[PDB]
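1. Got a sequence here, can you model it:
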Amino acid sequence: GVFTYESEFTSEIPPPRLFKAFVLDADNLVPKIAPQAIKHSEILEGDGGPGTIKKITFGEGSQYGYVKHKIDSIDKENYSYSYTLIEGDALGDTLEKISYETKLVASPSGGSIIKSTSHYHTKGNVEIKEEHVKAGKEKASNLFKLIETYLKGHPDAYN
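-> Numbers count the residues shown, from 1 in each chain. Pasting the structure now:
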């Protein structure tokens with residue numbers, strides 16, 4: 001009933017910089033890298049820790065676009081981050097609880113490795129469509145290169 005998808009890649013930028021950005025600055029990282037993807041981020045509950053509910057908005061699509069992310073846990077010592085999504089026009093009535101996980105590390109070449117993972121919790125005996133989960137893989141990969149490029153080109157972004 002639960003789907004499991006993961007992605008593995010690396011970046012020439014340090015993970016402690018992309019980490020402070022994606023997590024300690026997610027509300028200011030996405031709205032600073034490319035405003036063409038999200039309109040703005042506003043935390044609804046908590047302050048960025050576990051149990052905090054963030055509301056990311058989208059500036060693409062005639063209809064209003066936005067989602068809600070519930071922090072699940074992070075590893076400021078290992079640079080890992082994981083949250084739970086409960087809203088999103090992509091979840092439709094076929095999906096309900098969403099689980100998102102992300103991990104950061106370093107490589108022997110100086111660059112940094114980035115391991116991500118996500119899951120789906122359908123409700124009512126339903127399943128997701130490859131076109132849906134497969135599209136998230138390409139969207140999550142492009143976002144990873146936007147965070148590393150942001151700090152790589154913006155040495156002032158929480159760096």
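2. which ones are touching residue 137?
-> 5, 7 (CB atoms under 8 Å, 6 or more residues apart in numbering). The way it works is simple: take the backbone N, C-alpha and C, and place the C-beta from them, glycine included.
3. Okay, buried residues for the longest helix anywhere in the chain please.
-> Taking DSSP state H as the criterion, the chain has its longest helix at helix 130-153. Buried residues in helix 130-153, counted by 16 or more other CB atoms under 10 Å: 132-133, 136, 140, 143-144, 146-152.
4. Show me which of those residues is closest to residue 117.
-> Residue 117 lies nearest to residue 140 out of these, by CB to CB, at 9.9 Å.
5. Give me the helices and strands touching the host helix or strand of residue 28, please.
-> Per DSSP states H and E: residue 28 is located in helix 26-33. Judged by 3 or more CB pairs under 8 Å, 6 or more residues apart in numbering; DSSP states H and E, helix 26-33 is in contact with strand 38-45, strand 53-58, helix 130-153.
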